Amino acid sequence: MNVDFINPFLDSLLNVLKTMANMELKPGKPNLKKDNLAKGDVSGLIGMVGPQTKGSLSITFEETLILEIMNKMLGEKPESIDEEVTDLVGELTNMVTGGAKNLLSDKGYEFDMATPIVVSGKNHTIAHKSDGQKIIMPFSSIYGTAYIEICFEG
């Protein structure tokens, strides 16, 4: 996959966490050829469609990380992933994906995003089922790890 397409999602993530949670996550080594390995506790998932193109984005969080994000964004920690946390994950998925859509639209890449889906489950794995090009990127802090996966056809 081309880097100028990938970066805006990676940059939106870091920008959203920086401006909203005063949090600088550390990007790790990307994986360009295998998903359904990295475990998470809550995930935001969103589909994308463009002219002759289709794709998908997922942002997966370990429980300790998302609860600390809640704590910085709303001043209080819920103890466990509850309904309000799933809403935060939905909103974060929208901000990461929307911020990427604006930057990419200036570069000539146009797409519409679907409704986000939040999955809650202890140690679930995500797999983007497509013959397209994929990228998985870990982002770590002392409070846990987040995984962003972007997939596209066309």
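Numbers for residues come from their place in the sequence shown, where the first is 1.
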{"item": "CA B-factor placement of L10, once the chain's modelled residues are sorted into thirds", "value": "middle"}
{"item": "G28 CA temperature factor, ranked by third within the chain", "value": "middle"}
{"item": "Entry-reported Cα temperature factor of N94, expressed as the chain third it lands in", "value": "middle"}
{"item": "For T53, the third of its chain into which the C-alpha B factor falls", "value": "middle"}
{"item": "Where the record places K107 (Cα B-factor, split into thirds across the chain)", "value": "highest"}
